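Worksheet: one structure, shown below.
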Amino acid sequence: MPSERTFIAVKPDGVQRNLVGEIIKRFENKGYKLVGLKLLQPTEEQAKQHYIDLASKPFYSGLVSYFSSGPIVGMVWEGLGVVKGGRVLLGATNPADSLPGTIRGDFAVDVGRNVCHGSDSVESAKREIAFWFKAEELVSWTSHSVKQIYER
Amino acid sequence: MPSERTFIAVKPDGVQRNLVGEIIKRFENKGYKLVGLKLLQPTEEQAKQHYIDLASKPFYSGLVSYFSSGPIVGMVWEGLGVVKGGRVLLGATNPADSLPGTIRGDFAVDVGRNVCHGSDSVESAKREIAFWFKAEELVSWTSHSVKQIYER
Amino acid sequence: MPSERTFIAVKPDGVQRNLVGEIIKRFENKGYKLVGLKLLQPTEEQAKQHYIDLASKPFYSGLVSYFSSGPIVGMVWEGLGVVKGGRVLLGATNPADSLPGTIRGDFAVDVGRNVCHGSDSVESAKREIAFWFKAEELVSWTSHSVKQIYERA
Amino acid sequence: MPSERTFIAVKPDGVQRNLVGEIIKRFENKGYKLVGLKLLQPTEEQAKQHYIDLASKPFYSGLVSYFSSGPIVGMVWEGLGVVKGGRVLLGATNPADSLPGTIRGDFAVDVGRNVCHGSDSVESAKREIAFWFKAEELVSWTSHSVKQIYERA
Amino acid sequence: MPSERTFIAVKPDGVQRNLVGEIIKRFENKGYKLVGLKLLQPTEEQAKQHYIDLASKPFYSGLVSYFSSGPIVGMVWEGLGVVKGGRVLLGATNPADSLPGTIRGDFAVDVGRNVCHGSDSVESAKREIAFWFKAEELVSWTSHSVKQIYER
Amino acid sequence: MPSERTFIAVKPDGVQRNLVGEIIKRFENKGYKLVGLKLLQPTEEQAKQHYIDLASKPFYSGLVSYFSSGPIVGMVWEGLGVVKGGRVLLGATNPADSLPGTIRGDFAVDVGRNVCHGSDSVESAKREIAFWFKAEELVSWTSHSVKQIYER
Ligand SMILES: Nc1nc2c(ncn2[C@@H]2O[C@H](COP(=O)(O)OP(=O)(O)O)[C@@H](O)[C@H]2O)c(=O)[nH]1
Ligand SMILES: Nc1nc2c(ncn2[C@@H]2O[C@H](COP(=O)(O)OP(=O)(O)O)[C@@H](O)[C@H]2O)c(=O)[nH]1
Ligand SMILES: Nc1nc2c(ncn2[C@@H]2O[C@H](COP(=O)(O)OP(=O)(O)O)[C@@H](O)[C@H]2O)c(=O)[nH]1
Ligand SMILES: Nc1nc2c(ncn2[C@@H]2O[C@H](COP(=O)(O)OP(=O)(O)O)[C@@H](O)[C@H]2O)c(=O)[nH]1
Ligand SMILES: Nc1nc2c(ncn2[C@@H]2O[C@H](COP(=O)(O)OP(=O)(O)O)[C@@H](O)[C@H]2O)c(=O)[nH]1
Ligand SMILES: Nc1nc2c(ncn2[C@@H]2O[C@H](COP(=O)(O)OP(=O)(O)O)[C@@H](O)[C@H]2O)c(=O)[nH]1
Ligand SMILES: [Mg+2]
Ligand SMILES: [Mg+2]
Ligand SMILES: [Mg+2]
Ligand SMILES: [Mg+2]
Ligand SMILES: [Mg+2]
Ligand SMILES: [Mg+2]
């Protein structure tokens with residue numbers, strides 16, 4: 001269904017390096033619909049929970065520290081296959097494996113400063129959206145271009 | 001002083017026409033610092049108040065209805081001369097009078113569908129910011145590029 | 001009215017210098033609607049007629065020769081104030097006078113290699129459209145974005 | 001040979017979504033030469049014939065209906081390997097399979113709203129060019145950049 | 001004559017903020033021909049002489065210090081009216097007076113961090129080119145597009 | 001290590017076709033640091049040497065003649081994995097094999113007119129840098145964004 005949603009965040013390095021507009025532009029250009037957007041400063045506990053699956057990994061403390069060091073831009077995007085599509089737009093985890101055309105391919109070098117985050121599955125997207133956004137921060141609306149973007 | 005702030009909004013037509021990222025990019029490119037950001041659908045009362053100085057104008061009810069018809073993106077930008085600078089970036093109120101290079105000059109035709117709003121003075125900016133954002137919704141942070149952008 | 005139309009051409013230097021897509025993008029980005037488009041090679045006589053008002057000027061023979069030297073892209077754009085607005089997008093006739101942001105400001109140097117043409121009035125746009133396009137070559141259609149671009153729509 | 005040609009179309013969704021200039025820019029940027037261009041509204045029968053090989057597919061009637069629902073921009077591009085190369089610029093048929101950098105990768109979501117068409121072989125490109133363009137509508141010209149783009153030239 | 005030349009430099013803040021490519025692109029797009037290009041670290045004495053006319057102005061010490069604080073990219077561009085045209089591309093001295101579309105209009109805020117320099121007259125361009133470039137660093141060549149850019 | 005360096009050149013066709021700025025922009029956007037830059041017309045002997053590994057190939061004399069036919073822009077870039085990363089940005093040697101998003105994928109058609117060169121290994125990069133640049137022509141400096149681009 002085109003009502004699938006994903007959580008995308010410009011990480012603190014992406015905000016610091018002025019990539020918020022560029023990232024949003026790429027999602028808008030694709031045809032995805034923006035339904036949540038905010039600037040916020042994650043707390044360390046928020047970072048810990050967001051990345052809870054990686055708690056035993058040796059880079060976790062540094063990841064959690066960095067993610068809560070400065071503002072991020074959190075987003076919710078809606079569209080057909082938008083979880084997979086968002087990841088495609090972002091590129092590989094390690095920017096050295098990412099291809100030009102992707103966000104990490106064009107703008108990042110180091111796996112620990114890879115500019116952006118995107119949910120990796122439909123289930124994790126639901127958890128992340130619910131973690132970062134209140135219901136009143138998600139806007140239900142209809143794109144005037146929906147029939148131009150979707151056949152059904 | 002570099003701590004001046006202004007309120008910029010992408011209006012519903014700007015959101016619908018996929019100009020959010022482009023608009024944000026222009027403010028980031030200039031050196032301005034994003035300290036507040038949100039997506040929300042104005043209520044009719046918010047629309048009325050935001051445009052309260054125009055209540056006696058014959059286009060008011062249309063303006064209010066349209067401004068409350070779907071999501072806007074509200075933003076707070078910080079920088080030296082950012083109120084005036086934001087308006088320079090936006091272009092003339094009537095896109096017919098706006099020059100190429102500006103947001104309205106590049107992307108709009110009609111005065112009633114002119115994509116974006118910006119505060120018209122330091123004082124009106126303070127009032128708009130106070131109206132659209134709670135204290136806890138602004139993020140204070142230091143651009144790592146601040147010494148590259150400002151002499152003092 | 002939003003149904004006003006203008007004729008814009010990418011001149012032979014514009015085609016040669018790969019500016020067709022860039023020029024079309026600027027018009028699309030503004031909200032104008034493309035209702036006629038073609039690539040053609042003007043004849044010298046077509047050039048002479050298109051610029052007939054300028055027959056006495058010293059630059060006319062070179063203008064007419066160049067305009068017919070290779071392909072142009074001819075366009076009809078429709079929108080509110082599109083005659084004046086198209087010319088604003090093009091920038092000043094002499095690129096030395098044009099401002100960055102405009103097509104001539106960004107991409108051209110010399111008044112004789114100024115990349116593009118736009119009709120100078122509502123009446124001349126009508127004449128130019130009728131000169132370059134047959135009735136059946138225009139396409140009338142409704143932009144899905146018309147109510148986002150126009151308040152009255 | 002550098003004189004190979006292909007047919008590329010911006011489909012009605014591409015025109016509606018203001019992608020004509022962007023698509024043309026990508027082809028110009030690559031070094032391909034534009035030798036035919038027009039805006040037209042296909043008839044349903046023209047659509048049926050253009051996609052005749054796909055008549056048995058379950059999506060055919062919707063494809064043919066949509067393709068004839070509004071204007072397309074039809075193009076003939078010329079260059080070395082332009083049939084294959086044009087398709088690479090377009091990206092995978094289904095945009096979910098297309099990579100960022102390509103037209104479908106950057107701008108489309110749904111296989112039925114995939115913004116553009118490109119001929120799939122040298123022989124089908126010949127057939128498509130002849131179907132959509134009369135001989136006198138093509139413009140043969142020499143790019144001033146031909147020796148910068150091609151070693152053999 | 002189309003053989004006029006000017007000196008353009010990306011100043012240390014422009015290099016630091018990754019605007020070298022963008023600036024070069026704008027001059028290439030216009031039709032101007034690049035005939036000299038280099039990355040170098042100005043010395044303080046070099047900065048002093050480059051800005052010698054401003055030696056009595058109260059910002060001179062800071063200007064000279066900043067100009068020699070980091071690398072610049074020096075360039076020589078050739079074309080009809082390229083001294084005036086280069087300045088047009090750069091925008092006003094003070095970015096707050098510069099219009100969108102120009103280099104300072106799009107990318108700068110503060111007069112003391114205005115990203116780029118351009119010679120202000122034919123005579124000063126000649127002095128600057130001769131000061132910053134050796135003869136062997138200027139390349140004489142012919143653009144394959146010269147007949148497309150110039151009528152004569 | 002982040003101090004790896006590579007040699008990238010815009011070839012004469014790339015200079016003639018106004019791609020210098022675009023190419024530089026792509027390397028800047030990625031996070032790589034420009035430490036050497038110059039415009040020069042290679043001599044025939046420089047062309048022969050630069051491409052010395054291909055002396056026995058049948059396209060050598062054409063390659064050498066063309067590479068020495070007008071100006072190139074020579075560059076030295078510094079960053080983690082920059083040799084491999086530069087080549088990823090450039091795309092496949094034959095533009096027919098190169099993907100959109102890369103320099104050759106976006107801008108070239110013919111293997112003999114493929115716009116740009118990049119060193120193929122850490123060692124060949126060191127040799128190319130040493131061949132094209134004098135010690136005094138490189139500039140060492142610290143990007144103000146280094147902590148935003150690199151974790152360590
Ligand atoms: N330093 C370091 N950071 C890593 C490594 N792997 C992942 N990260 C960081 O941890 C984040 C989360 O990892 P993961 O969920 O597997 O990747 P993602 O979903 O692609 O971001 C990544 O985006 C990186 O910022 C690593 O090996 N080293
Ligand atoms: N229909 C219509 N709308 C107008 C007119 N003047 C202003 N507006 C709209 O009302 C908004 C608020 O007007 P104003 O505060 O005076 O201009 P701004 O601060 O430059 O946006 C403008 O941005 C326009 O969208 C008008 O004469 N007619
Ligand atoms: N060489 C030369 N060409 C000119 C001059 N004035 C105009 N032109 C060319 O003639 C075209 C037609 O001139 P005009 O209709 O007056 O200006 P436009 O409507 O703004 O294009 C221009 O677009 C230029 O290409 C001139 O003084 N010298
Ligand atoms: N709904 C739908 N449309 C399809 C499907 N496959 C192809 N199409 C559409 O039909 C067009 C023609 O298909 P085809 O010629 O096989 O692919 P192409 O040559 O890569 O465009 C495609 O470009 C799509 O727009 C499908 O499975 N479902
Ligand atoms: N702090 C400060 N710097 C200035 C002022 N005026 C000029 N500058 C700097 O000095 C440089 C040289 O001044 P000038 O030659 O008059 O301007 P330009 O030719 O437009 O750069 C400018 O580009 C600015 O970087 C000023 O009033 N205050
Ligand atoms: N004409 C021709 N040129 C070639 C061929 N292979 C390589 N070249 C050219 O020679 C240059 C050097 O080749 P090589 O070092 O193998 O490739 P690179 O390091 O990927 O550029 C390439 O960039 C091409 O421009 C070929 O088969 N034919
Ligand atoms: Mg993950
Ligand atoms: Mg106002
Ligand atoms: Mg005229
Ligand atoms: Mg097909
Ligand atoms: Mg000066
Ligand atoms: Mg090699």
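Whatever order the structure lists them in is the order used to number ligands and atoms, beginning at 1. Reminder, nothing fancy here: chain letters follow the sequence lines and each chain counts from 1.
E:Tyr66 carries E:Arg113 over the face of its six-membered ring, with the cationic atom under 6.0 Å from the centre and within 45° of the normal. Figure legend: cation-pi geometry between A:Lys30 and D:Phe107 absent, as NZ or CZ is not positioned both under 6.0 Å from the six-membered ring centre and within 45° of its axis.
Taking every heavy atom of D:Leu63 and a limit of under 4.0 angstrom, the matching atoms of ligand 4 come to 10 (O). The distance from ligand 4 to the heavy atoms of D:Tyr51 drops below 4.0 Å at these ligand atoms: 12 (C).
Heavy-atom proximity to atom 19 (O) of ligand 4, evaluated over D:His117, D:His50, D:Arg87, is greatest for D:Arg87.
A salt bridge links E:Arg26 to E:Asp106: at least one charged side-chain nitrogen sits closer than 4.0 Å to a carboxylate oxygen.
The ring-ring contact (aromatic ring centres under 6.0 Å, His included) analysis of residues 67-102 of chain D, with sequence neighbours excluded, yields the pairs D:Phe27-D:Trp77, D:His50-D:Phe67, D:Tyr51-D:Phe67.
Residue contacts with ligand 4 include D:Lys11, since one of its heavy atoms falls under 4.0 Å from the ligand.
Considering backbone and side-chain N/O of D:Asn114, one or more are found under 3.5 Å from N/O of ligand 4. Considering backbone and side-chain N/O of D:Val111, one or more are found under 3.5 Å from N/O of ligand 4.
When atom types are taken as modelled, the side chain of E:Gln41 and the backbone of E:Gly70 share a donor-acceptor pair closer than 3.5 angstrom.
Between A:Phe7 and A:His117, the ring-plane angle classifies as tilted under the 30° and 60° cut-offs.
Only the side chain of A:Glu151 comes within 4.0 Å of ligand 4, judged by heavy-atom distances. Counting heavy atoms under 4.0 Å from ligand 4, residue D:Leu54 touches it through the side chain alone.
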